[PDB]
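Peer 1: Protein chains in written order, with the entry's author numbering: chain T, 38 to 121; chain c, 15 to 87; chain n, 7 to 115; chain j, 9 to 59; chain l, 76 to 125; chain L, 1 to 615; chain m, 2 to 70; chain M, 9 to 495. Would you mind keeping the following structure in view while I ask a few things?
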Amino acid sequence: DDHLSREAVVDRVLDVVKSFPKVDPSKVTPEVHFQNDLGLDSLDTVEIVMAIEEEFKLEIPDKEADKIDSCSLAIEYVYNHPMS
Amino acid sequence: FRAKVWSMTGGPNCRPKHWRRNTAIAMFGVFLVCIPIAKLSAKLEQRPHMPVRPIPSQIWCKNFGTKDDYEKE
Amino acid sequence: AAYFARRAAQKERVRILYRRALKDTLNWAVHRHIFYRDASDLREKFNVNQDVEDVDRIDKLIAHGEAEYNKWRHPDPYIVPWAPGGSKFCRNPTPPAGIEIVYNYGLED
Amino acid sequence: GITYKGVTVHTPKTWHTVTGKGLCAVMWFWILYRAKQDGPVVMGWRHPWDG
Amino acid sequence: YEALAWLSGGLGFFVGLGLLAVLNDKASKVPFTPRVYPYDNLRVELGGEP
Amino acid sequence: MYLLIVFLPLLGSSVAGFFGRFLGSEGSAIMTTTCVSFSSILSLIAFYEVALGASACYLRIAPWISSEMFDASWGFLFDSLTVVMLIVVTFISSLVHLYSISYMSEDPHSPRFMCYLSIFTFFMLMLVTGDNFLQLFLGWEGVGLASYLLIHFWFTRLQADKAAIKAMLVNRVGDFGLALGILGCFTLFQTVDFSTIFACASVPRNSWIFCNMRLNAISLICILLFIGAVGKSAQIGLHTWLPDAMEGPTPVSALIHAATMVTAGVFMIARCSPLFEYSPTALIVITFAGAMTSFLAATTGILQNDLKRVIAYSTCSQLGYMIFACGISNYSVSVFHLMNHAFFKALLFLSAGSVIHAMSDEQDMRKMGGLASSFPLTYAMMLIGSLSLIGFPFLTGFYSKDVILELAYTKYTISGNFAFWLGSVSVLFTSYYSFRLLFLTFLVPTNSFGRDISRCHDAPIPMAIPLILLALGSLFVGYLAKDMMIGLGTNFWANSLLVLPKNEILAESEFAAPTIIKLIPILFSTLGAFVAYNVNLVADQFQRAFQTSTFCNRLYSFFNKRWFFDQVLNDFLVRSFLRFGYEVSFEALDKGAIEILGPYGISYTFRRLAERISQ
Amino acid sequence: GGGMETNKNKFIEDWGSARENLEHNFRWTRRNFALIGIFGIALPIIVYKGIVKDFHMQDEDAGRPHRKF
Amino acid sequence: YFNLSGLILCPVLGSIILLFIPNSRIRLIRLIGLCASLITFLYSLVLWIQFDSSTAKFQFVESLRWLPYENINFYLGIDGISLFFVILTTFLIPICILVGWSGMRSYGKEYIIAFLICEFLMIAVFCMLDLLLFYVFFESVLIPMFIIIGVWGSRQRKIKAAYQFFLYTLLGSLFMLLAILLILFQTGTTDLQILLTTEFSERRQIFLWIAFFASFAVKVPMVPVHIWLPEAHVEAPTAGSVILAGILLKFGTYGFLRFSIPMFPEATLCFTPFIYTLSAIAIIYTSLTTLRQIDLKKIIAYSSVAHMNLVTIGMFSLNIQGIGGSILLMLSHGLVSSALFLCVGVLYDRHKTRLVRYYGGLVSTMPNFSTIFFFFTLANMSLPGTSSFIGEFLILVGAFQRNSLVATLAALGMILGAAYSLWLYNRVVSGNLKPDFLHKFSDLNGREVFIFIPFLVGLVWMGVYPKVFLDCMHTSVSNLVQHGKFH
Ligand SMILES: CCCCCCCCCCCCCCCCCC(=O)O[C@@H](COC(=O)CCCCCCCCCCCCCCC)COP(=O)(O)OCC[N+](C)(C)C
Ligand SMILES: CCCCCCCCCCCC(=O)SCCNC(=O)CCNC(=O)[C@H](O)C(C)(C)COP(=O)(O)O
């Protein structure tokens, strides 16, 4: 029931894409999208979502689950969600 | 809004300051009214059988070994 | 055509069905040391075509994919307990925002 | 328990391990204790109680 | 409606295996004789007349 | 003194519920539990003075229904059979009360929980101590009422509401038979008491006139009583409720799902022993139903992947075994397995709750992996409980399962052989899914999330003492009770349990054993251990996931959806009832059909006849 | 927000005061005839015959001749 | 010397005093009306003290001439059965005054006039041995109930509700009146003691039994005629609607006990299967109709219909225990249904919706009302330990002893009773709370909390110890069962 703030979430969220081998862990940004800037395949978009779900216990509804095409949307979302 | 509703069985987290004092009264209340239940039962518990060994209930009871025959009920 | 509305639907369905397939793969693979290989197989299967351009060769493919996916469902899928369908959904929900209780009702004069 | 990259496990308390070990060892000994004294009862060989 | 088709088979196994216990006739395969008591199979202590 | 055994839990519940604001969330916790523990001590004293000092105690408070020759009284029957279940209910109830105070320290509505628990304790004490059918019927209905209240502990929870409602309806349809039974046995004896029908229960030999055709009298009464016990023992007829009953809190489930209300249906048969033995026809169908339910549950539990759901099917399998034990006139193993079960499944329930609420309230097999070394105490506890459950040789559970299977083999009746076969093949299933539970958790790589492992907290001390007591019990109680109560004619039961001379096969169940069948269920147990270990630890590359074409996914769905009972029964009975209660009774009977006599039926009739009469 | 009464939603008012008066709908249709003839004249007759048959069988067991009723 | 005359005079004095009281003095009107009602209740209770439950003949009788030749006359009295009905009638009315206490300013003094008029009217029904005047007061209750339903009805559709409740009653009333005329012309008098000792013709027995059944099957809701009760009962004020199911529903069912069973011994036996085949299918059809219902009032009325159809089975099953159980069930139902309609009316007096869709999650608030509602639902749920179960267990016992088939169908009623009442309880006061509709709401104050106290204490008292109720009337039931035959 600690409700961790942005300070402890900026690292955990970014580690998910840092561990991704297709994207080079040299220019990973808290505010970046993998479509163009990081150069990721259009299929692995939801794989990052599953990986971050395996870290924080929360499942976004599928209607806007893939609406998060940027790293910023995911981290603001997981902070917005209370039970994460 | 929980403070507005009475919640006769106690609120969700109802924690009175002197809850120990009330619990002492409540436990004392059970004991004092339990005695009439025990005292009124002493005129009951008819068991015609006689146990092979003495039990500790002979002091407050006498309804054992007396109701032998069944021709004058 | 030059209308991306149809293809955006395709790029939406592919991600949705991939997510659902990964979820079901996790459900079927109770142990995870098989889940890695199974997930790799699913990812590779989605890359089998990976080059569709014609609109006549997508509807049949999506229909076949949906039919094959629906054939195995793991009747007990994973739902988070506080999720809408879990084991503690509406466990102790937060009380409604605005509601008031009047005290002196039924008085006279 | 020492902390790792996600599993910051807490070691069980003193009485939540030694009590479990010293209570399970009782059952382990009791299995063989009943397999020695009353063990010959149900095996098909050497039926006890004057047999 | 397809569930009822599985329902018939599910209970059919129970009754089918129940009938198989009739086809072996374990009643006649007793390795001993029916139990007998003294005093007309304990007639006095089971009813009848003294 | 004997009244204090029953009335103290009721008094504690009443005072806690009425003054739950005067006492905090801990005052009621320390008060109701103390009262229940005092009642347990009283029950132990009664057991010492009755079970060993063999002299049953009898009493009568006041006449309840003082109509003509229908004497209903508030008396109780403190008999040798009854006091064993007094021990069973009181010890487990006090231990559950101690268990819940740790669990409910976070749940807000704490005092209401112990209030409900004490209501249940009082109701089942009234049931077991009862001596009249109708006065036992109040306990029978009160157990269901308390079950509904406790599963409905979460009024916000939508699933709990539907589960509670469906449980009430199915339990009502179940004990319909028993309710008919009270007045069925009354029309032949013109009495309802127990001591006046067990004295002369074999004399009637006439027939009746039922709805369709004339059948037997005693056999019909026993059939109705068994149908009543079906509702409270989750038999083949109506067992839709127990698998869905674990939608409420955990500490109650250790008391309502696997410990005590389990005993209601079997104790129905056990109490009225000299009524079923004179109805051989009812015994055979009882054996069929018990074996069928046991096998069905045993094969049901294996696919499910939840802590509480699978063990509910294990409880139902034990229900089937006990119903069969009560179906072959061998009620000794029935009560012995009851006493064992109330230990080694209540213990497992406490262990499951301890590992559930200490792991961020998750009850799953697919997601949670292995954390055995994180905490050895409650895993050692649950391992002991499981070893009892399989009945490892020379343990508490072995002394019941072995003897009950041997009794099943010995009786050569058409039901004895069939049900022995079913029990032998169900031993494999039970030893399979028990070890599946032992393996999919605590013996696999952890598949859970990285946040819950960090937030780890072992079982608190106050909730661990009940586990310690249950572990101490279900390791010595089997050995202590093997000789004294199933010992070829033990003289403590007296009139409590009566076995007819004809159907008494006990000595040749031990001295005529072929020794190739007595020790075979251990063989199925070890085979199940081997296959479960192979499938769930090493050989899982193809033996786990079956992505075939057809007939294998449907095999998965058939047992996951438990034979589509919740589908076929719902759609074909309750959906049809709800449809025809609106489109038949409210269409062609009252509203619309005969409403041609009320508004718009005759009102317009007199708007023409009366009009053309002035001119 | 000072109204103790309900808001009385429009879509619920029709649902409420429509089932209250079903005489207009349930006047003359094919399924109504089957339903009435199978559940208002059929079932009562069957259960009445069952009851009188039960009374007759009870009389026969006692031996007394059955009453005409 | 607390005779029956004063028990009827006291409400008359109360009404007469209220007539000449100015409308402005609203303080005095309610006080004096409640005092008169409570004095009547105590005067009824004191009769139970001096009841003398030993004699087969009738208790205190008052004879007042009505015709020049004393042919037929006002002949009061109770035997063993109408006593409890008189007590419960005298007890329900003060509850009616108390429930409609807060809003008396709009009601005026005319509200208490109708209630007290109906009060001594129903008092004069139960203790009325003369057969014809029993019909005069049996249909005299039309006017007070008509006025209560119409003048102070909740919604505007009350106009059509009252017409059915009136005309359905008049049809059967005059059908009974024809039979009364046939009996009087044949016998010569209508006094009950004599008329029970007259040899009738078997062909005449069936016709007169049918003629009585023409109306007595309307008061108790039967399969052909039960439409009036829901439509004319959901649309009545809570204080008034609580006696349509309280005392206005027990006339015909009790009328069977006093003017049908001992009156026509050879016809009830010949018509026994017909009553069985009506009531057994009623308990099923009405219960199924109850499930698919949305209004909060109608469900309770349908449950009441099912309970009356159940008690009808146990009444015509002539047994020493069947009739006693019928009376116990009728008293228990009079308590529980009254309590249930007050419970569902206190919700209406605050929110005015009468729809289960709006209601939901009323346990998170007003918990005392939730506890009371749960207790009264359990009482309607037919649990042992409450007065109801004592009520229908004897019904089942009496039915099964005679016919095996009817008992199973009757017990299907108490099986199906768990389908609608528990569903209503879980759908009204145990659902998810919605602030969209029930924006704000209070709990029970000191008035409705004290209203349920006599109901609760009487419920528990007659449930756990029904001995006194059975003790006071074993002689009368024995005399009623053994009539005409001599073996
Ligand atoms: C078979 C019938 C036997 C007699 C019937 C009585 C048996 C017990 C029946 C009542 C049990 C309690 C059910 C009460 C309703 C449950 C829902 C509810 O409304 O809860 C209320 C009422 O709570 C209670 O449970 C009060 C229980 C009082 C009942 C105690 C008496 C039971 C023993 C009497 C049995 C008779 C004894 C024999 C008599 C001779 C408040 O609970 P809270 O914890 O405050 O939660 C509400 C949320 N919020 C705080 C936000 C408002
Ligand atoms: C147990 C359940 C498991 C389910 C297994 C069965 C699932 C169905 C298998 C059979 C059907 C398939 O192969 S499903 C394979 C479906 N694959 C496609 O439709 C490719 C679409 N390609 C494009 O749109 C563009 O080339 C581009 C935007 C560049 C690509 O980016 P994205 O594609 O990212 O959008």
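For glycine and all other residues, C-beta sits at the position ideal for the given N, C-alpha and C.
Looking at the structure shown, is residue 67 of chain T part of a helix, part of a strand, or coil, going by DSSP?
Peer 2: coil
Peer 1: Is residue 90 of chain l close to ligand 3? I mean its beta-carbon at under 7 Å from any heavy atom of the ligand.
Peer 2: No copy of ligand 3 occurs in the structure displayed; its ligands are ligand 1 and ligand 2 alone.
Peer 1: Taking 8 Å as the threshold (beta carbon to beta carbon), is residue 22 of chain j in contact with chain L?
Peer 2: no
Peer 1: Determine the chain L residues that contact residue 401 of chain M at a beta-carbon separation under 7 Å, and present them in chain order.
Peer 2: 134
Peer 1: For residue 19 of chain c, would you say it is in contact with chain n, using Cβ-to-Cβ distances shorter than 8 Å as the test?
Peer 2: yes
Peer 1: Is residue 76 of chain T near ligand 2, going by C-beta to nearest heavy atom under 7 Å?
Peer 2: Proximity of the beta carbon of residue 76 of chain T to ligand 2 is not indicated: no heavy atom of the ligand is located closer than 7 Å.
Peer 1: If I measure Cβ to Cβ from residue 153 of chain L and keep anything under 8 Å in the same chain, skipping five residues before and after, which residues do I get?
Peer 2: 109, 112, 113, 116, 160, 248, 249 and 252
Peer 1: Between residue 414 of chain M and chain m, is there a C-beta pair that is closer than 8 Å?
Peer 2: True, the Cβ-Cβ gap to chain m drops below 8 Å.
Peer 1: So, using beta-carbon positions, are residue 478 of chain L and residue 550 of chain L closer together than 8 Å?
Peer 2: no
Peer 1: Can you pull the chain L residues whose beta carbon is under 7 Å from the beta carbon of residue 112 of chain l, in chain order?
Peer 2: 501
Peer 1: Could you tell me whether any non-hydrogen atom of ligand 1 is closer than 7 Å to the CB of residue 149 of chain L?
Peer 2: yes
Peer 1: With a Cβ-Cβ cutoff of 8 Å, do residue 437 of chain M and residue 381 of chain M count as a contact?
Peer 2: yes
Peer 1: Do residue 294 of chain M and residue 284 of chain M have their CB atoms nearer than 8 Å?
Peer 2: no
Peer 1: Verify the CB distance criterion: does residue 519 of chain L have a CB-CB separation below 8 Å to chain j?
Peer 2: So, interface residue.
Peer 1: How big is the Cα-Cα spacing for residue 615 of chain L and residue 608 of chain L?
Peer 2: 12 Å
Peer 1: Would you kindly report the start and end of the unbroken beta strand (DSSP E) that includes residue 81 of chain M?
Peer 2: 81-83
Peer 1: If you reduce the DSSP assignment to three classes, tell me which class residue 73 of chain M lands in.
Peer 2: strand
Peer 1: Look up residue 57 of chain L in the DSSP assignment and give the residues it is bridged to.
Peer 2: L/78
Peer 1: Taking the beta strand (DSSP E) that residue 63 of chain L belongs to, which residues open and close that run?
Peer 2: 63-65
Peer 1: Let's test the definition: count the other Cβ atoms within 10 Å of the Cβ of residue 410 of chain L and tell me whether it reaches 16, buried, or not, exposed.
Peer 2: buried
Peer 1: Quick check: is any heavy atom of ligand 1 less than 7 Å from the C-beta of residue 229 of chain M?
Peer 2: no
Peer 1: Taking residue 7 of chain m as the reference, which of M/299, M/356 and M/140 has the closest Cα?
Peer 2: M/356
Peer 1: Does the distance between the C-beta of residue 31 of chain n and the nearest non-hydrogen atom of ligand 2 fall short of 7 Å?
Peer 2: Yes, since a heavy atom of ligand 2 falls inside the 7 Å radius drawn around the Cβ of residue 31 of chain n.
Peer 1: Does the count of Cβ pairs from the segment 265-273 of chain M and the segment 23-36 of chain m closer than 8 Å reach three?
Peer 2: With the cut-off at 8 Å, the segment 265-273 of chain M and the segment 23-36 of chain m do not touch.
Peer 1: What's the C-alpha gap between residue 301 of chain L and residue 138 of chain L?
Peer 2: 33 Å
Peer 1: Write down every uninterrupted run of the alpha helix (DSSP H) in the segment 533-581 of chain L whose length is 4 residues or greater and which is fully enclosed by it, in chain order.
Peer 2: 553-560 and 565-569
Peer 1: Please state whether DSSP places residue 411 of chain L in a helix, a strand or coil.
Peer 2: Coil at residue 411 of chain L, not helix or strand.
Peer 1: Which residues in chain n sit within 8 Å of residue 448 of chain M, going by Cβ to Cβ distance?
Peer 2: 105, 106, 107 and 108
Peer 1: If we ignore side chains and look at the alpha-carbon of each, how far apart do residue 75 of chain c and residue 60 of chain L end up?
Peer 2: 15 Å
Peer 1: For the alpha helix (DSSP H) containing residue 410 of chain M, name the first residue and the last one.
Peer 2: 395-410
Peer 1: State the beta-bridge partners of residue 593 of chain L as determined by DSSP.
Peer 2: According to DSSP, which records beta bridges pairwise, residue 593 of chain L is partnered with nothing at all.
Peer 1: Between residue 94 of chain T and chain L, is there a C-beta pair that is closer than 8 Å?
Peer 2: With 8 Å as the cut-off, residue 94 of chain T counts as an interface residue toward chain L.
Peer 1: For the alpha helix (DSSP H) holding residue 18 of chain n, just list the boundary residues, first then last.
Peer 2: 10-34
Peer 1: Rounded to whole angstroms, how far is the Cβ of residue 255 of chain L from the Cβ of residue 92 of chain L, which I believe are closer than 8 Å?
Peer 2: 6 Å
Peer 1: Would the beta-carbon of residue 99 of chain T be found less than 7 Å away from any heavy atom of ligand 2?
Peer 2: no
Peer 1: Looking at the structure shown, is residue 130 of chain L part of a helix, part of a strand, or coil, going by DSSP?
Peer 2: strand
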